[PDB]
Ligand SMILES: Nc1ncnc2c1ncn2[C@@H]1O[C@H](COP(=O)(O)OP(=O)(O)OP(=O)(O)O)[C@@H](O)[C@H]1O
Ligand SMILES: Nc1ncnc2c1ncn2[C@@H]1O[C@H](COP(=O)(O)OP(=O)(O)OP(=O)(O)O)[C@@H](O)[C@H]1O
Ligand SMILES: Nc1ncnc2c1ncn2[C@@H]1O[C@H](COP(=O)(O)OP(=O)(O)OP(=O)(O)O)[C@@H](O)[C@H]1O
Ligand SMILES: Nc1ncnc2c1ncn2[C@@H]1O[C@H](COP(=O)(O)OP(=O)(O)OP(=O)(O)O)[C@@H](O)[C@H]1O
Ligand SMILES: Nc1ncnc2c1ncn2[C@@H]1O[C@H](COP(=O)(O)OP(=O)(O)O)[C@@H](O)[C@H]1O
């Protein structure tokens, strides 16, 4: 005669140590503006 | 369409006056039908002009109780599926409760938001919403009576109280409840504003029995 | 053009600074500015939104007259409404109450200097009446609530800072269902010229992940502290309402869940309401049906000081409620002239506040059904029918058969006790009835005789109980109740003790009360064979 | 510690002894270090402050940082230590000690003292010796503290202070030598401390001439027998709310400010009385009970009452004076309704001892047997603390449930009472116990009569003169009326025996109905 709940711990703390996903997310942005500038030059 | 100067009935009417009690197919029970259609649905046929000129909100609750095997589910279903409204969100009895610390209460909350959003968006022209609880008397018990070392018997009732009639109004929902025993339902749910019309459904009289035979064959 | 309103009474001016790189830190005196404004610019006509260049000690400004008051000579008080319309104009005088508020740029360090004037944003809106809230009855509780709570926020800051005091920051409303305790919170939220309330339904704070619940309960105060650190006192009031407090904040120490979540939220709220840091600009509303499960620490002063009880209304309140609810009908001429509200208020003895509206609904339903005749005789709708709709008294009388009280369930026994009728076959009955009425008079008029007991005895079958009910019913007291074996049947002994005890505790509310006990002998389990009988109940009655 | 300081200069009133005890914490660190190692004594590292809600602890914790030189104790509330991530909460605790640790390891013993304070400690440090088998974070956290707390590795410049409302919850594993050694209980203020709390709270009030000279603080302190400091500022602000609300008429009308009267705003004594009427302590004892028992009041209708009262005075003097009489018990018996409880209440109230209590069936109402046993024991236990104590027991027969059919009654309560009435209190306490009853013969017969030192009879009144006295006191009728009634009663029924309570009842009934003889005399005659 007993019941219990449970609480999760989210972990995935390798990502969580940083903001969350910055491996191919923030770097992609970094190099994608570079693509934009080079294409601007190519079209110019 | 548009409402002409002539006070003609609502464009997207709900009940459609080409309607008859012998279309349902429920024999016996006759006066109860009169009661329910008088009290609940009548307000929603007239032009909204006059009904707003009465400054009165529609009923937002229905309860059916009786002995086992009498026809309650039939009523619930038929009302469910011959009106001009969106598909009802059925829920079985102990279907809300969940494992994690806060998933049950969120499951209560999931039920209403679409009506809330539609009401916010447009207002009084929103199509009616229906949600029907089956077999109320499993979880919604008198608060603070059961020891409930598992503290769920309070919070579910608490949520439903807070959200059926809370600081924000909402007047486009109709909730229908079913049970065999009202004596254990909490008292705070049976006041006007929440489950106004309560109806007993009893064993049939003889003429009703004739009616039922006529229906079945 | 104006006719009479030819003067400028009180002028509120948003004083922007001209050039924002020049922003002068030296403190600006509203009195000097007002005197200069009058002296330089006298007997001029000004209208709202007229902009002006003010060179005061070389420090230019862009005055905008945000608002103007137009008054006629001979008005002792400025009862004329401050008009924002450009049409209203006046002639400036040496008596003009010149109020400066900071410009749109907010750059000007204006002072109140003995300016016994309403606050910059006095929340409670200086002209305001209880009659506009729309709540019938409870004409005393508002006095308490506003006096204790909001009386201190309006009064000019210097003198309160002298009074060296901190505003209250808590308010609790508790009572039985349907008494109207949600309406107050809502209209207080909506009518007070503050920030929007941050509604939270009762157990909204619990969350799956560990440490997210407490986060949620300390995510509510962020803007208040944010404003307080910046603007200090002149922050506008923030209000957050907890709906139905009693779900989560139980007395810490029980075994509620088996996880230990309730204790944490309790801890967080406790630490934050008073805490180490000072907020002094926040207000919280509580609501509940039980006051006894809230953890004790919450109720200490400094957190949830004022507690207010909401109880059922008396007859005057009932009349007020019928007035409010049936307000629009009357002015829209949708109601027959035959109904008089007084008799309605008389009939509904134990109706709560929340039942009257249902009565209105049912009466309307009868009237409207009379037209449509749902089912068989359909399609009779037409302009003529709907063009003369009026509710009738008999509709209300019919409606009384659908709605039923919830607290007035025991007097029904009393009226049915005399279904056998009453007959005056003997003189004796009249004497007895008169004597009972005499005693009723004595208790009603007296002040020091606060308790009287009677006993009625005689042969079995002599018709005793009916006479007792007949005495009781004619009294007209607010509170009547009956205890009889029929109620206690089937219970367990302890339950009997608890029920009787609760009934006596529930008889100490109203000023005047009448209580009837039927057949003590059967209540105490008398059988002569032993004899045997249950002693504890006997004791309970004797002591009580 | 700053030299620019003395203990007077801060607002904490009443708690002076506790200040001395806690200071007596910092004494070890006043001297140069060299002494202490030569004296072979370690410093205390853990502190606990605790008391009932609303005693002032948070004010001490906030304000102490001023006295305690260097820079600042760090502050944290319990439930912010826990965290979302695995191992983040574990980290968080063991991040705080870093600064002090670093400085210490570098500088040796020159280290400036570091203080850290956990407000609301009980949030997370429940017994690690517990179960429920959720995620075990609630254990790991406390482990961490203990590791950094016990095996400090010579970190000897840290003082942890724990603030709580409820001591018992906390792990027994924190309450041992070397870790939270001293536990200081802060309890409700005395009357002097109550005065100082008024002093500090009404300081600013008093300087700038906002308070009427009519007010005299001492009597206010005298009245407010049962209040927390929190309650006291609550009362102050209630009073001010009254005082302010006379100019601004809230609700009715608009905001009507008499700008002149604003300068003349002044609180007054009656405001304070209303403010008292509003607030109510959870202190709870509410011994005003005594006065409601004697609400009918005493009129001294005869000499017998006077003699009895003098005897009571003799006994209270006796117990107060002698040291060998540490326990005295008395019985008061007489006919029913003669009026006995009131007389005991009179003696008790006149006594003026520090501690008084009454036991009546009324509070005992509604419990089960075992609960009654517990209650009785608890109240006795409580009574044993103060040096001088008065305790009254009311209507023993009702307490013991005597009904004559069986006769049925509960033996266990009787045994409890019999045993307790003979027990001398602990050393250097004295006690005076006063029991009343109305059915002496039963008391004889079950044979507990040997436990009472002396007995007092209280016969009811019988002579018409005394009736004249009480009725002149009640102002029933005019003088000729009060004479004629007694003259008529002299011959109507000279032999006379009623009591007192019934006389008052008849007087009121006749006053309402028909104050001529024809009712009042009739009712006495039927009763008599
Ligand atoms: N009044 C009725 N008219 C026609 N059919 C009926 C009526 N009452 C019951 N029935 C028949 O009985 C069947 C079962 O009825 P139903 O499921 O409503 O029972 P119930 O009252 O919900 O029972 P329970 O309390 O056990 O859940 C229906 O499929 C229907 O055909
Ligand atoms: N005294 C009253 N004055 C005005 N309207 C009232 C009054 N009493 C009831 N009403 C009307 O009926 C409603 C009464 O219930 P309300 O919505 O206030 O919830 P409540 O009584 O606080 O409910 P609960 O405590 O059961 O949650 C009001 O919102 C209002 O519409
Ligand atoms: N003049 C009357 N006085 C009393 N009762 C009357 C009179 N005329 C008719 N009656 C009916 O007779 C009934 C007699 O039953 P009632 O319970 O009053 O009697 P009772 O002697 O107290 O009952 P019981 O035998 O159960 O102890 C009354 O309830 C009432 O309905
Ligand atoms: N001089 C007096 N002596 C006694 N009682 C007095 C006197 N003056 C007034 N009274 C009132 O007479 C009443 C007698 O006391 P009380 O009512 O407690 O009676 P009691 O005999 O102790 O009670 P009980 O009959 O229930 O055992 C009280 O109301 C008391 O205030
Ligand atoms: N001299 C004093 N003695 C006791 N309390 C005081 C004194 N001065 C102020 N107070 C009030 O005591 C309260 C302390 O509350 P506290 O006991 O810390 O709450 P909790 O027990 O919940 O932590 C504050 O509201 C404070 O204003």
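Since chain D takes its numbers from Swiss-Prot, the residues it shows come out as 230-253, 255-758.
Cβ atoms here come from the backbone N, Cα and C positions, even for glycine.
Marked as ATP binding site by Swiss-Prot on the basis of sequence analysis: D:281-288, D:564-571.
Here the features listed in Swiss-Prot are painted onto the structure.
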residue: D:281; record: ATP binding site; DSSP (3 states): coil
residue: D:287; record: ATP binding site; DSSP (3 states): helix
residue: D:564; record: ATP binding site; DSSP (3 states): coil
residue: D:570; record: ATP binding site; DSSP (3 states): coil
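Sparsest Cβ environment among the binding-site residues D:283, D:285, D:564, D:566, D:570 (other Cβ atoms counted within 10 Å): D:566. Only D:283, D:285, D:287, in sequence order, out of the binding-site residues D:283, D:285, D:287, D:564, D:566, D:570 have a CB under 6 Å from ligand 5. Contacts of residue D:287 (ATP binding site) defined by a Cβ separation under 8 A and a same-chain sequence distance of 6+ are given as D:279, D:280, D:281, D:393, D:416, in order along the sequence. Candidate binding-site residues: D:281, D:283, D:285, D:287, D:564. Not one of them has a Cβ under 6 Å from ligand 4. Using a CB-CB cutoff of under 8 Å against chain C, the binding-site residues that qualify from D:283, D:287, D:564, D:566, D:568, D:570 are D:283. Other C-beta atoms found within 10 angstroms of the C-beta of residue D:568 (ATP binding site) number 18, with every protein chain shown included.
Take the CB of residue D:281 (ATP binding site) and look out to 10 A: across all protein chains shown you find 19 other CB atoms.
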